[PDB]
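The data below hold one chain only, encoded as structure tokens and taken in the form deposited in one PDB entry.
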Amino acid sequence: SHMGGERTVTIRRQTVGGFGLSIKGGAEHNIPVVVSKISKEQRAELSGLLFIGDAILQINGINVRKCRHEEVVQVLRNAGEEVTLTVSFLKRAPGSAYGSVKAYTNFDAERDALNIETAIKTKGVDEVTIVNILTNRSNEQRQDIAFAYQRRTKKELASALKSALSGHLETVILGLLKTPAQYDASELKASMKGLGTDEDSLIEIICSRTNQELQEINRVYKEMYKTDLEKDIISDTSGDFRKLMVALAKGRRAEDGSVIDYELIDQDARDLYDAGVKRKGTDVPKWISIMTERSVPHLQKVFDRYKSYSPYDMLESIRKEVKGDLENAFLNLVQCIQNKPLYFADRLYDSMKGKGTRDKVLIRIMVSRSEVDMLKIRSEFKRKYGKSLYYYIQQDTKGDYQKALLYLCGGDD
């Protein structure tokens, strides 16, 4: 569920055939008319302007959104040699194949809102019903339940659930109610609000989020707090640690190119070697520029080619070269590039391995990754440590707070 930004594109008609575009859809099927195929002649002309998936909403200023299929065809037929198209890219931004939380098929936001309202109204609060619902609904479904709750009760859902839930259970439920950008931005402000900084949390978010995720994060951070994320990062960091975080937080990393640039993979690997292990000291800006700007699939091969030049891998080299917040930052970044699910499985184990529980990290990883790569986090938590992530959550938490985390885990092993 996602409609892109509108764009005006002018096309031309070929002598053999026509505009060179196949279309499908219409108001009969409750779907817009979308370009399905682009011919090789008009492929080079419309490179970057029109793509398969664009929904033609206006033709020469005529709104063809609520129109049928053959009605839109006849408009393109009876047009001149050129047509100006207003298009909007239809994508499928919600969803992931490796999330543990599955979409509830018999979903009804009005019924779930009423069942939660009666669960809040029950004396002592029926937290079990609230947990069994919100932990088995996708984030997009939770927003619908919040809108249905306020529609029926004239009261915000998150404010009523804060009055009904307490402890770590409240933190889990209230975290699931925020959108991914809302939740990531709220956790970022928490790492910087005050006179100190939770570098462990600031590093975890900035190093692991992708370009698309960081774009919406920077947007909602300015909307919720009236300050750009880059300013607060600058105010809370310093030195080369500030440089690495501000650069990573831009989300302007190169997209994975269609070619495997072998010459750049060897040159980048040798550059990292010459900038650290080979020389006295470290060329920190060279390490920053390479690991922040290149794509992840490129840097994965770079780090393997780096094992050809250095007797220590990138992680071991980072330990021997830099220290403190800069070292920890680079270590988290390389883990996210090499194997991001293993990065999270390692952080989950560290949050529970000792006395007590670092609940701040356990909750955030279970909330933010339940619909991204939790299935991959689980498969490697079991592989490395011998027992399931379910087993560790079972041993480290109790009560309804345990039940919610095990729901976000999604199963044993």
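We call the rigid core the largest set of C-alpha positions that still match within 1.5 Å between the two forms. Shifts are known only where both forms have a C-alpha. In this text, residue numbers run from 1 along the sequence as written.
In what follows, reference is made to the form deposited in another entry, a form of this protein that is not presented.
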*Looking at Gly281, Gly80, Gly194, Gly124, which has a Cα shift of 2 angstroms or more between the shown form and the other one when the rigid core is held fixed?*
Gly80
*Can we say the CA of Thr10 moves by at least 2 Å between the shown form and the other one when the core is superposed?*
yes
*Core-superposed C-alpha of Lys355 shifting 2 Å or more between the shown form and the other one*: no
*Does the C-alpha of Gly386 move 2 Å or more between the shown form and the other one once the rigid core is lined up?*
no
*asked:* As a test: superpose on the rigid core, then list the runs of at least 3 residues whose Cα atoms all move 2 angstroms or more between the shown form and the other one.
replied: 5 to 91
